[PDB]
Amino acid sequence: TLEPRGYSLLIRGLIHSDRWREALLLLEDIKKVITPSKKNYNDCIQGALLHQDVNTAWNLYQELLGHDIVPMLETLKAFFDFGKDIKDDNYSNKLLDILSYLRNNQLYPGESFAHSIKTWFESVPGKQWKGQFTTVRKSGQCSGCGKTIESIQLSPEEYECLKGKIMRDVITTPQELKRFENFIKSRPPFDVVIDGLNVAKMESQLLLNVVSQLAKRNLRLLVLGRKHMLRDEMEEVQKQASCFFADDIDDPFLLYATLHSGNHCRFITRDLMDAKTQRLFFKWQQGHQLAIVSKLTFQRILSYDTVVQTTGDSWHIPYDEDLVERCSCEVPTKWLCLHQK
């Protein structure tokens, strides 16, 4: 089921003119038959902002969020761009809410968006915000202001919080569940949990390669697999690591085993995907997923959390560069550093 023919382009062609309200009418027509695209909302929101109708813009944005649409970064950028000319507590709170959105969803502005954020903070009267484009030292200290970036390490209470909430959703087969729980609970914590079949994407001979090199690092390995794999070179894996072979069904065992093992335990699988809990999951995933990148090497895992963050008197905002294509599984390396004087 589609939009009424050509409506997206009609909307886009209207929003700079005095007839921009007609674009909203068209949007209403679209809503009555399908969920509008993030571009549809982007266009109508910019139309509103272009004509100083800030309430209409924000209501559209909230409507979008309500449909669980992820806004275009270009849309978030528009609110900051128009914000440099707006002096009002309520508009500012909305912009700070967009920053919380980025923080909570582990998202990052593009380079010109970062410039727009910098420009906005530096435009806020009486607050003396200064922005700089920076990197972070190995220690966790911003190369700009000297502050230490939030630790990537969850506190024990945070970890118990996250681990607790995760379990209640895990509790496929009841028979396989209890068997796995018995397996795990009668064994010491592991150091790396390996999803055997998922890692074999870059066959069984690839699994041996991973296990055998990780074993030389004096790590306690747990390899997770399915019944079908053991039908030779798999026997060489079973002897170098602890293994659990579940039914050929997706299973939740990787999470359970890693979390049960504890805050120190890392894992290997494919790219993984209330605000406070989700925020903890992102932070835990960032600091615990071992990503593989001839001879095998893993992605660096930093000591600090690469995420939009604040101390009130400072913000640190990772951003993507135009000239740098970043894989989903690597964290940005460039930061916008904002500090009050």
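Quick note: we count residues from 1 along the sequence shown, nothing fancier.
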Q.
Residues without coordinates, deposited sequence, stretch from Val293 to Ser294: is the count none, 1 to 3, 4 to 9, or 10 or more?
A. 4 to 9
Q: Could you bin the unmodelled part of the deposited chain lying between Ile249 and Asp250 as none, 1 to 3, 4 to 9, or 10 or more?
A: 1 to 3
Q) Hey, which bit's got the bigger mean C-alpha B factor in the entry, 57-65 or 27-35? A) 27-35
**Q.** 45-53 or 308-316, whichever carries the higher mean Cα B-factor
**A.** 308-316
Q | Most elevated Cα B-factor in the entry, residues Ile149, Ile98, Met167, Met72 | A | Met167
Q: Name the one of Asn40, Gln299, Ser303, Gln285 with the greatest CA B-factor according to the PDB entry.
A: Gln299
Q | Entry-reported Cα temperature factor of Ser328, expressed as the chain third it lands in | A | highest
Q.
Using the temperature factors of the C-alpha atoms in this entry, rank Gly262 within its chain: lowest, middle or highest third.
A. middle
Q: Could you tell me which third, lowest, middle or highest, the C-alpha B-factor of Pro125 occupies within its chain?
A: middle
Q: Compare the C-alpha B factor of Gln175 with those of the other modelled residues in its chain, then answer lowest, middle or highest third.
A: highest
**Q.** Third of chain Cα B-factors occupied by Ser112
**A.** lowest
